[PDB]
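Report on one structure; see the data block that follows.
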2 protein chains.
Amino acid sequence: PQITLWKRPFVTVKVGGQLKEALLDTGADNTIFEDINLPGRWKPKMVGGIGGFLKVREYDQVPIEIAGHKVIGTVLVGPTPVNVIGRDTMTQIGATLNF
Amino acid sequence: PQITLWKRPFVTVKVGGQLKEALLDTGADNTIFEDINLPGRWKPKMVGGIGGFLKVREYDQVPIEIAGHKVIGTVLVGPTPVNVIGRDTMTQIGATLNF
Ligand SMILES: [Y+2]
Ligand SMILES: [Y+2]
């Protein structure tokens with residue numbers, strides 16, 4: 001797809017087999033979802049920095065599907081105001097910024 | 001240009017005649033710089049919101065240039081950890097996300 005940026009670029013994503021909405025966010029290094037359940041082991045990861053650090057769970061090699069593209073990426077699971085697709089997942093799907 | 005997403009997509013921009021580096025950030029509604037001086041009329045604007053809102057100065061129709069594309073946009077001036085080119089400016093330059 002080619003996505004213009006007059007609205008927030010939210011997309012439907014299937015992550016670890018679950019359907020969610022998430023924002024295509026070129027300002028975010030990492031991908032993060034709240035309220036999904038992923039199986040297997042994870043590594044704790046300290047993220048954020050404002051007012052303290054947030055502890056989240058980092059999962060490796062998680063299946064992700066966006067617009068028919070099935071890829072694998074690192075996914076953090078923890079509290080987030082909205083779900084974020086960061087540049088880690090964007091590089092897997094081959095997304096570029098163009099003008 | 002076509003900008004891949006393996007690193008943070010910083011670009012050099014000229015804003016109000018002053019040369020700055022800033023992040024192309026499809027997760028940001030607005031464009032914000034710290035430590036530029038803009039002339040002319042501004043109004044305070046409350047932005048952000050998690051933890052409280054941040055007060056910034058909003059300037060209209062500011063000249064912005066990126067990779068030789070001269071556009072006009074709203075620019076907010078106030079505290080920000082990195083300067084940000086948000087969706088308001090990216091729609092003016094015709095930037096899209098593509099995969
Ligand atoms: Y929540
Ligand atoms: Y952001």
Side-chain angles (χ1 to χ4, degrees), chain A residues 1-14 21-34 47-54 64-74 76 78-99, chain B residues 1-14 21-34 47-54 64-74 76 78-99:
Chain A
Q2 172 168 100
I3 296 170
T4 52
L5 288 165
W6 301 98
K7 67 196 291 195
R8 305 178 175 148
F10 283 96
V11 291
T12 303
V13 52
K14 198 190 292 199
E21 288 294 305
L23 176 69
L24 296 175
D25 184 349
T26 62
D29 298 339
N30 307 125
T31 290
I32 181 167
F33 287 87
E34 196 188 307
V47 304
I50 293 326
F53 290 88
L54 182 60
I64 301 159
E65 180 168 18
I66 304 171
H69 297 239
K70 294 188 174 179
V71 298
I72 52 178
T74 301
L76 307 176
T80 182
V82 290
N83 302 138
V84 174
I85 304 307
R87 296 186 291 98
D88 53 357
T89 301
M90 289 186 286
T91 56
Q92 293 312 126
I93 71 191
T96 55
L97 280 161
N98 297 266
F99 58 106
Chain B
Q2 173 167 295
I3 297 175
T4 54
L5 290 171
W6 308 98
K7 48 181 72 153
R8 300 184 182 167
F10 282 97
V11 295
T12 303
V13 58
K14 199 175 202 188
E21 293 300 299
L23 181 72
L24 293 172
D25 185 348
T26 56
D29 298 338
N30 306 127
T31 291
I32 182 172
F33 288 82
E34 177 176 270
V47 300
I50 285 141
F53 280 87
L54 175 63
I64 298 163
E65 185 182 357
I66 303 174
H69 292 253
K70 287 194 197 178
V71 305
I72 61 177
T74 302
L76 305 182
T80 180
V82 300
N83 295 323
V84 166
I85 299 310
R87 294 187 297 96
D88 57 348
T89 301
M90 286 181 281
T91 55
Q92 298 300 307
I93 66 190
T96 51
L97 278 170
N98 292 270
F99 62 105

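Only heavy atoms go into these numbers, but all of them, side chains included; no hydrogens, no water, no symmetry mates. Chain A is the first sequence line, chain B the second, and so forth, proteins listed ahead of strands; every chain is numbered from 1.
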Problem set entry | salt bridge (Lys or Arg N to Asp or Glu O under 4.0 Å) pairs, two or more places apart, involving residues 90-99 of chain B | none

For this session: To the nearest 0.5 angstrom, please state how far the NZ atom of B:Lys7 sits from the CZ atom of A:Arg87.
Result: 10.0 Å

Seminar exercise, completed: If one checks every heavy atom of B:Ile50 against chain A at 4.5 Å, the contacting part turns out to be side chain

Problem set entry | Interface moiety of B:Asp29 toward chain A, non-hydrogen atoms closer than 4.5 Å | side chain

For this session: Answer yes or no: are there more than 12 heavy-atom neighbours, outside A:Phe53 itself, under 6.0 Å from its atom CZ?
Result: no

Problem set entry | Neighbours of chain B found in residues 89-99 of chain A - heavy atoms under 4.5 Å | A:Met90, A:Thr91, A:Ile93, A:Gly94, A:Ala95, A:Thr96, A:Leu97, A:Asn98, A:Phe99

For this session: Only one of A:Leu5, A:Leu23, A:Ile3 passes side chain to side chain contact (heavy atoms under 4.5 Å, CB included) with B:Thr26; say which it is.
Result: A:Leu5

